[PDB]
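J.: For reference, this is protein.cif, and it has mmCIF, C-alpha atoms.
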data_target
loop_
_atom_site.label_atom_id
_atom_site.label_comp_id
_atom_site.auth_asym_id
_atom_site.auth_seq_id
_atom_site.Cartn_x
_atom_site.Cartn_y
_atom_site.Cartn_z
CA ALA A 2 -179.60 -148.41 -278.30
CA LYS A 3 -177.69 -151.01 -280.30
CA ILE A 4 -176.16 -154.28 -279.19
CA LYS A 5 -172.45 -153.46 -279.24
CA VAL A 6 -170.56 -156.59 -280.22
CA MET A 7 -166.79 -156.71 -279.95
CA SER A 8 -165.28 -159.46 -282.08
CA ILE A 9 -161.76 -160.43 -281.23
CA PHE A 10 -159.44 -162.28 -283.56
CA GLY A 11 -155.70 -162.85 -283.41
CA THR A 12 -154.72 -165.22 -286.24
CA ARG A 13 -155.42 -165.56 -289.95
CA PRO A 14 -157.59 -168.68 -289.50
CA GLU A 15 -159.61 -166.91 -286.77
CA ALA A 16 -159.94 -163.94 -289.11
CA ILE A 17 -161.46 -166.14 -291.79
CA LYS A 18 -163.86 -167.81 -289.33
CA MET A 19 -164.85 -164.54 -287.57
CA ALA A 20 -165.10 -162.30 -290.67
CA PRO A 21 -168.45 -163.83 -291.79
CA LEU A 22 -169.87 -163.14 -288.35
CA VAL A 23 -168.62 -159.56 -288.55
CA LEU A 24 -170.25 -159.25 -292.00
CA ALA A 25 -173.54 -160.58 -290.60
CA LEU A 26 -173.41 -157.95 -287.83
CA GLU A 27 -172.71 -155.28 -290.41
CA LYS A 28 -175.78 -156.40 -292.43
CA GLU A 29 -177.96 -155.42 -289.48
CA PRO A 30 -176.66 -152.00 -288.33
CA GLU A 31 -180.11 -151.01 -286.99
CA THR A 32 -179.51 -153.61 -284.27
CA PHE A 33 -175.76 -154.05 -283.93
CA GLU A 34 -172.68 -151.94 -283.48
CA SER A 35 -169.62 -153.94 -284.57
CA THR A 36 -166.22 -153.32 -282.95
CA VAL A 37 -163.40 -155.39 -284.40
CA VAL A 38 -160.31 -155.81 -282.28
CA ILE A 39 -157.15 -157.38 -283.67
CA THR A 40 -154.59 -159.10 -281.44
CA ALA A 41 -152.18 -160.74 -283.91
CA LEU A 47 -154.11 -161.00 -291.70
CA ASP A 48 -154.91 -157.68 -293.41
CA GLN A 49 -155.41 -159.59 -296.67
CA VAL A 50 -158.41 -161.44 -295.18
CA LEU A 51 -159.97 -158.24 -293.84
CA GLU A 52 -159.67 -156.63 -297.27
CA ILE A 53 -161.58 -159.57 -298.82
CA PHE A 54 -164.42 -159.19 -296.31
CA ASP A 55 -164.08 -155.38 -296.45
CA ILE A 56 -163.61 -155.17 -292.69
CA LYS A 57 -162.03 -152.10 -291.21
CA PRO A 58 -160.60 -153.17 -287.84
CA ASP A 59 -161.48 -150.72 -285.03
CA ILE A 60 -158.64 -151.50 -282.62
CA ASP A 61 -155.27 -153.07 -283.40
CA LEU A 62 -153.17 -154.24 -280.46
CA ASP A 63 -149.58 -154.95 -281.40
CA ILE A 64 -148.92 -157.86 -279.02
CA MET A 65 -145.57 -159.58 -279.56
CA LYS A 67 -142.02 -162.87 -280.88
CA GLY A 68 -139.84 -164.81 -278.41
CA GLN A 69 -142.54 -164.54 -275.76
CA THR A 70 -143.60 -167.29 -273.39
CA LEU A 71 -147.15 -168.49 -273.08
CA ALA A 72 -147.49 -166.70 -269.75
CA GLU A 73 -146.40 -163.42 -271.32
CA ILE A 74 -148.64 -163.67 -274.36
CA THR A 75 -151.58 -164.36 -272.06
CA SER A 76 -150.83 -161.45 -269.75
CA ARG A 77 -150.25 -159.01 -272.66
CA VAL A 78 -153.50 -159.94 -274.39
CA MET A 79 -155.49 -159.99 -271.14
CA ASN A 80 -154.24 -156.58 -270.00
CA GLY A 81 -154.64 -155.21 -273.52
CA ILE A 82 -158.18 -156.50 -273.94
CA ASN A 83 -159.08 -155.52 -270.36
CA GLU A 84 -158.28 -151.91 -271.30
CA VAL A 85 -160.04 -152.08 -274.68
CA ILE A 86 -163.19 -153.53 -273.12
CA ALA A 87 -163.23 -151.07 -270.20
CA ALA A 88 -163.13 -148.16 -272.64
CA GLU A 89 -165.37 -149.44 -275.47
CA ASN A 90 -167.89 -150.95 -272.99
CA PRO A 91 -169.36 -153.49 -275.39
CA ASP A 92 -172.45 -155.46 -274.49
CA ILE A 93 -170.82 -158.66 -275.64
CA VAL A 94 -167.42 -159.87 -276.62
CA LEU A 95 -166.99 -162.73 -279.05
CA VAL A 96 -163.90 -164.89 -278.87
CA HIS A 97 -163.21 -167.78 -281.14
CA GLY A 98 -162.17 -171.35 -280.62
CA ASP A 99 -159.15 -172.39 -278.63
CA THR A 100 -156.33 -169.91 -279.15
CA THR A 101 -154.57 -168.33 -276.23
CA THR A 102 -155.73 -164.92 -277.42
CA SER A 103 -159.37 -166.03 -277.17
CA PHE A 104 -158.99 -167.37 -273.68
CA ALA A 105 -157.15 -164.28 -272.51
CA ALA A 106 -159.68 -161.94 -274.07
CA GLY A 107 -162.40 -164.08 -272.55
CA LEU A 108 -160.93 -163.68 -269.13
CA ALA A 109 -160.61 -159.89 -269.57
CA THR A 110 -164.27 -159.98 -270.68
CA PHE A 111 -165.19 -161.73 -267.42
CA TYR A 112 -163.10 -159.34 -265.35
CA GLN A 113 -164.99 -156.52 -267.06
CA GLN A 114 -168.27 -158.27 -266.32
CA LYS A 115 -169.33 -158.28 -270.00
CA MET A 116 -171.24 -161.04 -271.66
CA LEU A 117 -168.91 -163.54 -273.34
CA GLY A 118 -169.86 -165.39 -276.49
CA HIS A 119 -167.76 -168.34 -277.65
CA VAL A 120 -167.73 -169.02 -281.39
CA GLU A 121 -166.84 -172.65 -282.19
CA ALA A 122 -167.66 -173.75 -278.65
CA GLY A 123 -167.21 -177.14 -277.10
CA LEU A 124 -164.63 -179.16 -279.05
CA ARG A 125 -162.88 -181.59 -276.72
CA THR A 126 -160.22 -184.27 -276.70
CA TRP A 127 -160.55 -184.36 -272.88
CA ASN A 128 -156.74 -184.51 -272.80
CA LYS A 129 -155.45 -181.37 -271.07
CA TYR A 130 -152.06 -181.70 -272.83
CA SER A 131 -153.14 -182.63 -276.39
CA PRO A 132 -153.60 -180.28 -278.03
CA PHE A 133 -151.68 -177.92 -275.76
CA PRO A 134 -152.75 -175.35 -274.80
CA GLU A 135 -155.79 -175.46 -277.06
CA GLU A 136 -157.78 -178.12 -275.17
CA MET A 137 -157.37 -176.19 -271.92
CA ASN A 138 -158.05 -172.92 -273.72
CA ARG A 139 -161.42 -174.09 -274.96
CA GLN A 140 -162.28 -175.62 -271.61
CA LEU A 141 -161.41 -172.43 -269.70
CA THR A 142 -163.19 -170.27 -272.25
CA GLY A 143 -166.07 -172.71 -271.88
CA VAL A 144 -166.50 -172.00 -268.17
CA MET A 145 -166.30 -168.23 -268.67
CA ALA A 146 -168.64 -168.13 -271.66
CA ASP A 147 -172.22 -167.00 -271.21
CA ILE A 148 -173.28 -168.21 -274.64
CA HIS A 149 -171.83 -171.03 -276.71
CA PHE A 150 -172.03 -171.38 -280.42
CA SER A 151 -171.15 -175.02 -281.06
CA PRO A 152 -170.27 -176.15 -284.52
CA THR A 153 -171.82 -179.58 -284.01
CA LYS A 154 -174.25 -181.61 -281.95
CA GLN A 155 -171.20 -183.36 -280.42
CA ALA A 156 -169.66 -180.10 -279.23
CA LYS A 157 -173.01 -179.25 -277.62
CA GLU A 158 -173.14 -182.60 -275.83
CA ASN A 159 -169.58 -182.05 -274.57
CA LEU A 160 -170.74 -178.80 -273.03
CA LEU A 161 -173.82 -180.49 -271.57
CA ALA A 162 -171.67 -183.23 -269.98
CA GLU A 163 -169.75 -180.46 -268.17
CA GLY A 164 -173.07 -179.20 -266.76
CA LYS A 165 -173.56 -176.12 -268.98
CA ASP A 166 -177.05 -174.63 -269.19
CA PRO A 167 -178.74 -176.04 -272.34
CA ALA A 168 -180.48 -172.67 -272.85
CA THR A 169 -177.04 -171.10 -273.42
CA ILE A 170 -175.75 -173.50 -276.13
CA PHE A 171 -176.56 -173.21 -279.82
CA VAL A 172 -175.45 -175.67 -282.50
CA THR A 173 -174.90 -173.16 -285.26
CA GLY A 174 -172.53 -174.99 -287.61
CA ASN A 175 -169.02 -173.79 -288.48
CA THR A 176 -168.50 -170.16 -289.65
CA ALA A 177 -165.58 -171.37 -291.84
CA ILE A 178 -168.20 -172.62 -294.28
CA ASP A 179 -169.90 -169.17 -294.26
CA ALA A 180 -166.48 -167.76 -295.20
CA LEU A 181 -166.55 -169.67 -298.52
CA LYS A 182 -169.36 -167.41 -299.74
CA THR A 183 -166.82 -164.57 -299.71
CA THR A 184 -163.41 -166.23 -300.28
CA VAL A 185 -164.59 -168.17 -303.35
CA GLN A 186 -164.54 -165.73 -306.24
CA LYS A 187 -167.15 -165.45 -308.99
CA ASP A 188 -164.53 -166.16 -311.66
CA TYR A 189 -161.22 -167.12 -310.03
CA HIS A 190 -157.98 -166.75 -312.00
CA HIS A 191 -155.20 -169.38 -312.24
CA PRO A 192 -153.36 -170.90 -315.29
CA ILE A 193 -153.75 -174.51 -314.10
CA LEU A 194 -157.45 -174.02 -313.54
CA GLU A 195 -157.69 -172.24 -316.91
CA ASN A 196 -155.74 -174.97 -318.73
CA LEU A 197 -157.70 -177.66 -316.89
CA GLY A 198 -160.20 -178.13 -319.74
CA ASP A 199 -162.35 -181.25 -319.30
CA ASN A 200 -159.87 -182.82 -316.83
CA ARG A 201 -160.79 -183.71 -313.28
CA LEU A 202 -158.77 -181.80 -310.73
CA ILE A 203 -157.39 -183.78 -307.81
CA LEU A 204 -156.03 -181.66 -304.98
CA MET A 205 -153.71 -183.03 -302.30
CA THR A 206 -152.36 -181.61 -299.02
CA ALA A 207 -150.64 -183.24 -296.08
CA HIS A 208 -149.33 -181.29 -293.10
CA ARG A 209 -149.58 -183.75 -290.17
CA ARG A 210 -146.26 -184.72 -288.67
CA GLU A 211 -147.20 -188.43 -288.73
CA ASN A 212 -147.84 -188.37 -292.51
CA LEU A 213 -144.94 -186.11 -293.51
CA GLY A 214 -142.68 -188.90 -292.32
CA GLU A 215 -142.06 -192.19 -294.14
CA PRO A 216 -145.66 -192.63 -295.34
CA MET A 217 -145.23 -189.62 -297.60
CA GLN A 218 -143.40 -191.67 -300.23
CA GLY A 219 -146.18 -194.26 -300.50
CA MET A 220 -148.75 -191.48 -300.77
CA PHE A 221 -147.00 -189.62 -303.64
CA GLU A 222 -146.45 -192.90 -305.47
CA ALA A 223 -150.18 -193.53 -305.04
CA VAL A 224 -151.32 -190.26 -306.64
CA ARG A 225 -148.68 -190.57 -309.37
CA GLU A 226 -150.23 -193.93 -310.25
CA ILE A 227 -153.78 -192.49 -310.09
CA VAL A 228 -152.72 -189.78 -312.54
CA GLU A 229 -151.00 -192.24 -314.91
CA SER A 230 -153.94 -194.68 -314.80
CA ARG A 231 -156.56 -191.98 -315.48
CA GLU A 232 -155.56 -189.57 -318.25
CA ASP A 233 -158.47 -187.19 -317.74
CA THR A 234 -157.18 -186.20 -314.28
CA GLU A 235 -154.76 -183.57 -313.09
CA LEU A 236 -153.06 -183.31 -309.70
CA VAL A 237 -152.27 -180.11 -307.88
CA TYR A 238 -149.95 -180.45 -304.92
CA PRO A 239 -148.97 -177.35 -302.99
CA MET A 240 -145.62 -178.63 -301.79
CA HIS A 241 -144.90 -178.63 -298.08
CA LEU A 242 -141.96 -176.41 -297.13
CA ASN A 243 -139.94 -179.36 -295.73
CA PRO A 244 -137.03 -179.99 -298.14
CA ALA A 245 -137.10 -183.79 -297.59
CA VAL A 246 -140.80 -183.76 -298.49
CA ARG A 247 -140.22 -181.64 -301.62
CA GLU A 248 -137.36 -183.85 -302.72
CA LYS A 249 -139.70 -186.86 -302.54
CA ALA A 250 -142.38 -184.90 -304.39
CA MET A 251 -140.03 -183.80 -307.19
CA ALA A 252 -138.60 -187.30 -307.49
CA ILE A 253 -141.97 -189.03 -307.72
CA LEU A 254 -144.36 -186.37 -308.97
CA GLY A 255 -141.98 -184.24 -311.03
CA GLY A 256 -141.87 -184.10 -314.80
CA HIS A 257 -145.51 -184.98 -315.50
CA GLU A 258 -147.66 -182.65 -317.58
CA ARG A 259 -150.78 -183.48 -315.52
CA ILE A 260 -149.16 -183.07 -312.10
CA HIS A 261 -148.62 -179.54 -310.80
CA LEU A 262 -146.15 -179.09 -307.97
CA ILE A 263 -146.70 -175.61 -306.71
CA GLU A 264 -145.84 -173.60 -303.63
CA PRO A 265 -148.19 -173.61 -300.62
CA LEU A 266 -151.43 -171.83 -301.45
CA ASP A 267 -153.12 -169.27 -299.25
CA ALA A 268 -156.24 -170.56 -297.52
CA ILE A 269 -158.12 -168.28 -299.95
CA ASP A 270 -156.46 -169.48 -303.16
CA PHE A 271 -157.01 -172.94 -301.78
CA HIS A 272 -160.76 -172.43 -301.38
CA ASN A 273 -160.85 -171.37 -305.04
CA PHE A 274 -158.92 -174.48 -306.16
CA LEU A 275 -161.08 -176.57 -303.93
CA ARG A 276 -164.18 -175.25 -305.72
CA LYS A 277 -163.06 -176.65 -309.10
CA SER A 278 -161.69 -179.87 -307.57
CA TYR A 279 -163.24 -183.27 -308.28
CA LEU A 280 -161.81 -184.75 -305.10
CA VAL A 281 -159.31 -183.86 -302.42
CA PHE A 282 -156.86 -185.89 -300.36
CA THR A 283 -156.00 -184.26 -297.09
CA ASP A 284 -155.11 -184.69 -293.48
CA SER A 285 -156.30 -181.12 -292.70
CA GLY A 286 -159.20 -180.60 -290.29
CA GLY A 287 -160.37 -177.39 -291.94
CA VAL A 288 -160.52 -178.98 -295.39
CA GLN A 289 -162.73 -181.81 -294.08
CA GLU A 290 -165.31 -179.23 -293.05
CA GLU A 291 -164.88 -176.77 -295.93
CA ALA A 292 -164.52 -179.07 -298.94
CA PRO A 293 -167.96 -180.63 -298.46
CA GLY A 294 -169.22 -177.02 -298.29
CA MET A 295 -168.14 -176.92 -301.96
CA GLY A 296 -169.57 -180.41 -302.47
CA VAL A 297 -166.05 -181.82 -302.95
CA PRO A 298 -165.58 -185.43 -301.83
CA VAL A 299 -162.75 -185.73 -299.31
CA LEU A 300 -160.40 -188.72 -298.85
CA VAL A 301 -158.76 -188.30 -295.43
CA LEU A 302 -155.11 -189.34 -295.17
CA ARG A 303 -155.32 -190.40 -291.52
CA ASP A 304 -155.64 -193.47 -289.32
CA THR A 305 -157.74 -191.58 -286.79
CA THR A 306 -159.89 -188.45 -286.83
CA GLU A 307 -161.61 -185.87 -284.66
CA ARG A 308 -164.23 -185.46 -287.46
CA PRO A 309 -166.43 -188.53 -287.07
CA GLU A 310 -169.53 -186.57 -288.24
CA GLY A 311 -168.12 -186.16 -291.75
CA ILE A 312 -167.51 -189.90 -291.94
CA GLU A 313 -170.99 -190.78 -290.70
CA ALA A 314 -172.54 -188.22 -293.08
CA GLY A 315 -170.60 -189.54 -296.07
CA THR A 316 -168.96 -186.25 -297.03
CA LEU A 317 -165.60 -187.70 -295.92
CA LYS A 318 -163.78 -191.03 -296.17
CA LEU A 319 -161.11 -192.03 -293.67
CA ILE A 320 -158.69 -194.05 -295.80
CA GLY A 321 -155.37 -193.86 -293.97
CA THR A 322 -152.07 -193.57 -295.79
CA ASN A 323 -151.58 -196.99 -297.42
CA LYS A 324 -150.74 -196.51 -301.14
CA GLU A 325 -153.10 -199.30 -302.25
CA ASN A 326 -155.97 -197.76 -300.31
CA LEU A 327 -155.32 -194.27 -301.79
CA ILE A 328 -155.49 -195.68 -305.36
CA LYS A 329 -158.52 -197.91 -304.80
CA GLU A 330 -160.54 -195.25 -303.08
CA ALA A 331 -159.52 -192.59 -305.59
CA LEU A 332 -160.33 -194.76 -308.62
CA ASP A 333 -163.69 -195.67 -307.05
CA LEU A 334 -164.65 -191.99 -306.98
CA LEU A 335 -163.17 -191.27 -310.39
CA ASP A 336 -164.82 -194.27 -312.17
CA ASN A 337 -168.19 -194.28 -310.43
CA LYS A 338 -170.13 -191.03 -310.86
CA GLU A 339 -172.76 -192.51 -308.49
CA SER A 340 -170.21 -192.74 -305.64
CA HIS A 341 -169.03 -189.23 -306.37
CA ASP A 342 -172.43 -187.52 -306.32
CA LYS A 343 -173.28 -189.61 -303.25
CA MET A 344 -170.51 -187.79 -301.39
CA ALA A 345 -170.96 -184.59 -303.42
CA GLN A 346 -174.59 -184.28 -302.32
CA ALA A 347 -174.23 -185.68 -298.76
CA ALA A 348 -175.25 -183.06 -296.16
CA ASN A 349 -172.26 -181.29 -294.61
CA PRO A 350 -172.61 -181.99 -290.90
CA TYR A 351 -170.28 -179.10 -290.04
CA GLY A 352 -172.51 -176.36 -291.46
CA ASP A 353 -174.60 -175.02 -294.34
CA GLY A 354 -172.86 -171.62 -294.50
CA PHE A 355 -175.28 -169.75 -292.27
CA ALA A 356 -173.68 -170.26 -288.88
CA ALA A 357 -173.22 -166.48 -288.63
CA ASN A 358 -176.96 -165.83 -289.01
CA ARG A 359 -177.78 -168.37 -286.30
CA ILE A 360 -175.11 -166.83 -284.06
CA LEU A 361 -176.61 -163.32 -284.49
CA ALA A 362 -180.18 -164.55 -283.98
CA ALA A 363 -178.88 -166.23 -280.84
CA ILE A 364 -177.37 -162.93 -279.63
CA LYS A 365 -180.53 -161.00 -280.63
CA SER A 366 -182.55 -163.63 -278.77
CA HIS A 367 -180.75 -162.80 -275.54
CA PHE A 368 -180.75 -158.99 -275.76
CA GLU A 369 -184.06 -158.26 -277.47
CA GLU A 370 -185.68 -161.48 -276.25
CA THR A 371 -186.86 -162.32 -279.76
CA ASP A 372 -187.40 -165.86 -281.09
CA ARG A 373 -184.73 -168.31 -279.93
CA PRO A 374 -183.01 -169.73 -283.00
CA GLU A 375 -183.23 -173.49 -283.29
CA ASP A 376 -180.10 -175.64 -283.74
CA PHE A 377 -178.54 -176.38 -287.12
CA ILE A 378 -180.15 -179.63 -288.26
CA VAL A 379 -177.67 -182.25 -289.51
#
Would you mind giving the structure from this file in structure tokens?
T.:
Amino acid sequence: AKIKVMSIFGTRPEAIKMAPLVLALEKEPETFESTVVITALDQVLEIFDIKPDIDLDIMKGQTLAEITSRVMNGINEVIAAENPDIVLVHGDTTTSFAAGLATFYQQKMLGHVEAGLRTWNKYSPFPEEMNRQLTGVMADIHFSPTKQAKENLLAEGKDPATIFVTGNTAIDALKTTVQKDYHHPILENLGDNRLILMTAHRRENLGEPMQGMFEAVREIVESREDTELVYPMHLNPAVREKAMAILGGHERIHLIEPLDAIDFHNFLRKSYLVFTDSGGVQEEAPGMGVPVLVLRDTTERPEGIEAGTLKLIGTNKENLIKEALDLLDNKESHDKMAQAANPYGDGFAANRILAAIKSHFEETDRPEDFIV
């Protein structure tokens, strides 16, 4: 008798974060039976060589109430038939909550991957904060990405024996998304130059601060000739216009279209430093040992800052330049961040998750938390 694990994912980012876990399950077929259920990303599954078992075509002018009901009724039926021992839902999407609820209705064990993040504000993010809180009450086992997420769960009175700080599976994903010898002209023509990668997608930054930020990187590039800038341009025309105006026409600045999360991981790997306001990049970049300068005034990632893998520098042009130059001119400061321990995971969150599941069903050694 195997432990039948049903992994549910409904978005591309979930696919990337759940794939590694599915791979881990598939590495131990003597113990696990893996059932993958899609509720939407076929490019990601091809990379991880994951044949999905069930594909629910849930639809897209649908309200939140309708999406929830469709996914819940769909998953209810899938679970009732497949009769898995455990269903794994991820993070805070509506699909995860709905599938979680169908899992509870079917009286199956519910595992929550990336468990316990909280803003404690029921309407920000909406409905993600509530999703993760609801999923949190229904979950039987929680796989927290950090010590903080675990504490959040403890403060809500969850049973410590059911929470495991495993790290973030997104980092495990890098072992597969990052190619042995990735292919891209810019990376091939890079030579001895230091690649600087920049991305900004937060509404607050895409506004007026955007101009100061492009001017900052332009100046970094002009001041340091052995650097090159890659900027996947945001789709907003006003943003592109500012990018073309300030960053256009420079041989060492590449203004390209938005990269896939996968192409991005591969660029990230050869990057010397990255400027971003993306949450995922703050946890993934240090997985590559890439120093991250965060273009934000606030952050939900204090661990990265305390660890030294990340630097919160805001959006002031003078601060972008200073902080960038510091890293570019002082190899000591670079390796300091480059070697700082990633508090969000070591790339083996999947293994800890599986050991945790094995621990419950076969009552084998309880895995200890990921040590930051």
J.: When the PyMOL selection byres ((chain A and resi 246) around 10) is applied to the file above, which residues end up in the set, as a list in words?
T.: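 The output of the PyMOL selection byres ((chain A and resi 246) around 10) on this file is residues 213, 214, 215, 217, 218, 221, 240, 241, 242, 243, 244, 245, 247, 248, 249, 250, 251 and 252 of chain A.
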J.: Hey, what comes out of the PyMOL selection byres ((chain A and resi 6) around 7) on this file? Could you write it as a PyMOL selection string?
T.: chain A and resi 4-5+7-8+33-36+91-94
J.: Could you tell me which residues the PyMOL selection byres ((chain A and resi 84) around 12) grabs in this file, written as JSON, numbers by chain?
T.: {"A": [38, 60, 62, 77, 78, 79, 80, 81, 82, 83, 85, 86, 87, 88, 89, 90, 91, 106, 109, 110, 112, 113]}
J.: Looking at only C-alpha atoms, which of A:322, A:103, A:340, A:186 is the one that sits closest to residue 137 in chain A?
T.: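 Looking at the shortest contact to residue 137 in chain A, the residue is A:103.
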J.: Taking (-170.1, -188.9, -304.4) in the file's coordinates, which residues come within 12 Å, counting all atoms listed in the file, written as a PyMOL selection string?
T.: chain A and resi 279-280+293+296-300+314-318+330-331+333-348
J.: Point out the residue among A:319, A:2, A:25, A:204 with the least atom-to-atom distance to residue 275 in chain A, counting only C-alpha atoms.
T.: A:204
J.: Record the distance separating CA of residue 228 in chain A and CA of residue 327 in chain A, expressed in Å with one decimal.
T.: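 So the answer is 11.9 Å.
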J.: Could you please determine the separation between CA of residue 232 in chain A and CA of residue 324 in chain A in Å, to one decimal place?
T.: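 CA of residue 232 in chain A sits 19.1 Å away from CA of residue 324 in chain A.
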J.: Using all atoms listed in the file, can you tell me which of A:260, A:168, A:227, A:281 comes closest to residue 205 in chain A?
T.: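 Using all atoms listed in the file, residue 205 in chain A sits closest to A:281.
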J.: How many Å lie between CA of residue 259 in chain A and CA of residue 238 in chain A, rounded to one decimal?
T.: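 Result for CA of residue 259 in chain A versus CA of residue 238 in chain A: 11.1 Å, one decimal.
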J.: Identify the residues around (-175.5, -178.8, -278.0) within a radius of 10 Å, measuring from all atoms listed in the file in the coordinates stated by the file, and give them as a VMD selection string.
T.: chain A and resid 122 to 123 149 to 162 165 to 173 376 to 377
J.: Select, from A:52, A:290, A:29, A:226, the residue with the minimum atom-to-atom distance to residue 177 in chain A, counting only C-alpha atoms.
T.: A:290
J.: Under the rule that only C-alpha atoms are counted, which of A:271, A:354, A:148, A:63 is the nearest residue to residue 18 in chain A?
T.: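 When distances to residue 18 in chain A are compared using only C-alpha atoms, the smallest one comes from A:354.
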